[PDB]
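Read in order, the letters of the sequence shown are residues 47 to 204, 217 to 317, 326 to 357, 366 to 433 in the entry's author numbering. Below is one structure, written out as structure tokens; comments come after it.
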Amino acid sequence: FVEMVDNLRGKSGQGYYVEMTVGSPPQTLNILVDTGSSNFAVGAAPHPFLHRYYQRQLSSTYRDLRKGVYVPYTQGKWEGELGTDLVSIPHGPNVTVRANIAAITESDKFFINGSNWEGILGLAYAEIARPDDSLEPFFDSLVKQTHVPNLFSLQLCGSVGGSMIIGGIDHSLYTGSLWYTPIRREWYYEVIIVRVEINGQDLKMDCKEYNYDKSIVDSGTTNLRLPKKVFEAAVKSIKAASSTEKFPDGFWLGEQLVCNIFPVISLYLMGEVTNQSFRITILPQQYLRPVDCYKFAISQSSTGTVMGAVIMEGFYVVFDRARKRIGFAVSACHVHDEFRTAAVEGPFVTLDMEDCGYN
Ligand SMILES: Cc1noc(C)c1[C@@H]1C[C@@](C)(c2ccc(F)cc2F)N=C(N)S1
């Protein structure tokens, strides 16, 4: 998978993108890699922010599905026209598939001014695909039409770079062993957090609170998002551990910037075996992001835990769809100092892990 190494690019806070081609003859586009959605949607109109866009008139293999799609988010929205066309990934497997494409004709607060991507690749499951689950996501189409194994892995490195290994695992991209957590449900990449530690000190919360209403792995989100009750207990512990320096309350809420003291954060994830778990540990270098101006990149959430770039940049993450599991291993590219490094450790004994999942 050497040709797939270093196939991700981007700028800080603007996400990670991969080069893709769409149509015949192939039209080159930069496409954001997003494990938190399920639509393959591309700019198809000359929006001022876009370097380029999908021109359906130039493609002889384009097929109109004669259906519109309106996708609103919490922050922004896009509207598109649904169709199918031939899609390939130049720095991926040597294959071409017919995939669903939402041609974006109208948007608000979706594209980033100054970014180098013009589309989004939803890598999650059909259940959260829009308008409904009958619209087959790209990766489902890829696995069905080719002999590409039902697996992909992401190494996101902290302008920015990384690797999306499609159909396999590159062992040079991680150190130590991979540790797997079950995918609870095939919609988002939903996982179960069973324990949270700040500098080794347990938060002592009902583990159901950590997964209210869900916990997901999302490459399209920057922050580690936590449920508000978990966030408040987490921040209080981080404040106590970093009592050497005094910071304004706005900094902790992400309302202001600040220009060894900060604690490590450990998330225990449900293991593959009954009563067995493992832990992933991140550093201040992950959750305190440069904007020297630093932004506290842990925030409160209404939609449950989001393991965004803050988590993913510390680890090599394997999305093992074939076995309904997500693998975590220490990333060979993660940012650390001489005293502390990111870690994946196990096994640990954790009882009543099924009670941690919200129903
Ligand atoms: C859900 C949700 N609610 O508010 C926001 C913002 C989202 C993001 C939606 C999406 C599609 C997204 C990501 C990056 C980007 F640049 C634009 C996007 F639209 N992927 C996610 N994972 S989170």
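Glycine is no exception: its CB is placed at the ideal position from the N, C-alpha and C atoms.
Take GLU49, set aside five residues on each side of it, and the residues of its chain with a beta-carbon closer than 7 Å to its own are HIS137, in chain order. Proximity to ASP411 across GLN352, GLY122, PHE86, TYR268 peaks at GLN352, based on C-alpha coordinates. Of the heavy atoms belonging to ligand 1, none sits nearer than 8 Å to the Cβ of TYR171. In the DSSP assignment, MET66 falls within the unbroken beta strand (DSSP E) covering 63–68. Counted as a single uninterrupted DSSP element, the beta strand (DSSP E) harbouring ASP80 occupies residues 73–80. Boundaries of the alpha helix (DSSP H) around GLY308: 307–310. According to the DSSP secondary-structure assignment, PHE198 is paired through a beta bridge with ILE224, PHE393.
DSSP, reduced to helix, strand and coil, places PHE184 within a helical segment of the structure shown. Residue nearest to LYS297 within the set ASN269, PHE328, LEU354 is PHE328 (criterion: CA-CA distance). A residue is called buried once 16 or more other Cβ atoms fall within 10 Å of its Cβ, and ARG242 is buried on that count. Assignment of beta strand (DSSP E) within the region 105–170, counting only whole runs of 3 or more residues, yields 109–118, 123–134, 143–154, 165–168 in chain order. Short of 7 Å from the beta carbon of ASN269, and not among the five residues preceding or following it, lie these beta carbons of its own chain, in chain order: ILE250, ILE251, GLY378, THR379, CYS430, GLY431, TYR432. With three or more CB-CB distances shorter than 8 Å, the region 77–86 counts as touching the region 133–149. For the pair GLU244 and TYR171, the CB atoms are nearer than the 9 Å cut-off. In this structure, the straight-line span from the alpha carbon of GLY226 to that of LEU78 is close to 20 Å. Distance from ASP80 to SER277 at the Cβ level is roughly 6 Å; contact confirmed, criterion being Cβ atoms closer than 8 Å. Looking at the DSSP output, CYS203 bridges to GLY219. A distance below 7 Å between beta-carbons, with the five flanking residues on each side excluded, links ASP260 to the following residues of its chain, in chain order: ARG253. In the three-state reduction of the DSSP assignment, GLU412 falls in the coil class. Cα atoms of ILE223 and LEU200: separation of roughly 6 Å, rounded to the nearest angstrom. Burial of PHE344 is indicated by the presence of at least 16 other C-beta atoms within 10 angstroms of its C-beta.
As the crow flies, the alpha-carbon of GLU419 is around 13 Å from that of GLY258.
A Cβ-Cβ contact shorter than 9 Å links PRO240 with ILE400. In this structure, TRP124 has its CB closer than 8 Å to one or more heavy atoms of ligand 1.
When beta bridges are read from the DSSP output, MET336 appears opposite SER343. If you draw a 10 Å sphere on the C-beta of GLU173, you find fewer than 16 other C-beta atoms in it, and that means exposed.
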